[PDB]
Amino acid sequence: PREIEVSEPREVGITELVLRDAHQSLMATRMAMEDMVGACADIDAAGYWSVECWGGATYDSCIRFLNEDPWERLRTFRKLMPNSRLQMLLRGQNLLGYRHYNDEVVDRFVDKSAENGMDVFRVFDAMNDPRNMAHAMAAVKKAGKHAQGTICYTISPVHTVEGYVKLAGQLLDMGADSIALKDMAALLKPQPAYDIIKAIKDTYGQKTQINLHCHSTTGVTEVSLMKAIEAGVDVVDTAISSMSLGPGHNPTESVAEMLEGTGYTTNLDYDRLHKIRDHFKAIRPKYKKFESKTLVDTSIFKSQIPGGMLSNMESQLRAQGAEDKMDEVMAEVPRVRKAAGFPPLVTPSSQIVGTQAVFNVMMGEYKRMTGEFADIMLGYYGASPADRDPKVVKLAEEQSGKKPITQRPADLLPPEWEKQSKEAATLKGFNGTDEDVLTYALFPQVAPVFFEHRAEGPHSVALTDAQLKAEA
């Protein structure tokens, strides 16, 4: 009489990702604001637990490609979806930028984000070092908003159910209002989803709120959602059907429909979901120039290498003739990752390990380390899940003259707001707001250009209706 224990019948919450992660994963975050607003009213009345609509790569995209002010995008969504819990993805001490910042910047950014309407802050760190998440978290609590501590899921010799339960505890210990299990690479299998979700519930209590974010890259995560729901998961993330699958996510409608008769239910307005879906089915074709060309890829389960990392390393060897050695790089990546203490292979970690793998294949084993890689071995990105190869660490120290550190990298950073402020105020177009100063601090190289063109209004790099017909 073999049996599985499942959570008591209950309503499961849904977080819609169409406005942020979905298009970031499917069309390089190129989705224009004018192609989104027409769906806000319906999304707002759909019945979602939260609506992910800011953060992640959208800040960069807004200013770099769309000549759009992120803060204006945030203000508009807040206005167009007044009844909803807006959600964002924030990479801890890196905020939405390229480097860790002094705490005062984190304070400023979070504060201005809450001030403009952000309700739920999913804070995460690419290395999974809770220290890098600690200040952002506190900042979110101070603004009286929902702080969601993030655990980046991954598979490696050092990652275990126990290790994740511990990390969860650390997150709760720093005031997490909830825990997000983030599986960007779709590495979370069904059984593991059930065990981890249950392990955390059994350990910290049923009251412990867990939100599961799984991409559908590998094709197995929708089954993992079911198992997570049986393990008692509180909220799962999805993407409206016309903007789903591939490197994207599981379909909202599908996740809602698959529960009928299980005892579990979602409570989303199906007719509203249908409008949201059609809205995007009409719009999506315009972005064909940015679609990925693969729907299902399970290779990562064996290679441990994500595609977005795979193609990139290829473009390096290809644009360097040694495109044949792609098999030697494939074998080198694991070794480099291990040397780095097995960090989750997500941006930036992924790029760093990828590029470094290429070097060891060509110029020889760590004969020359990038500055970024050296910074990882030396601790400037924080602590790794496992201890790093002391030998490779030493080399790094001998190739950069930098001294190893083991404490939160932000502890060494000096106040910078005043400096950033003065510098931003010298740029043509600057409007005086901290918002603008933050844009400059997060993107020194783009802020100037953006500030000068912003008055032109946001644009779109998607095909026009004209262009669509003119092709077909």
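Residue positions are given as counts along the sequence shown, with the first one as 1.
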Which is higher on mean Cα B factor in this entry, 151-159 or 300-308? 300-308
Please compare 326-334 with 83-91 and name the stretch with the higher mean C-alpha B-factor in the deposited structure. 326-334
By the CA temperature factor listed in this entry, which of these ranks top: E72, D173, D202, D119? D173
Among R277, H100, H215, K293 - the residue whose C-alpha B-factor is largest in the record: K293
When the modelled residues of the chain are sorted by Cα temperature factor, does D60 land in the lowest, middle or highest third? lowest
How does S50 rank on Cα B-factor within its chain, lowest, middle or highest third? lowest
Third of the chain's Cα B-factor distribution that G13 belongs to, per the entry: lowest
Entry-reported Cα temperature factor of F109, expressed as the chain third it lands in: middle
Just say lowest, middle or highest third for the CA B-factor of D21 relative to the other modelled residues in its chain. lowest
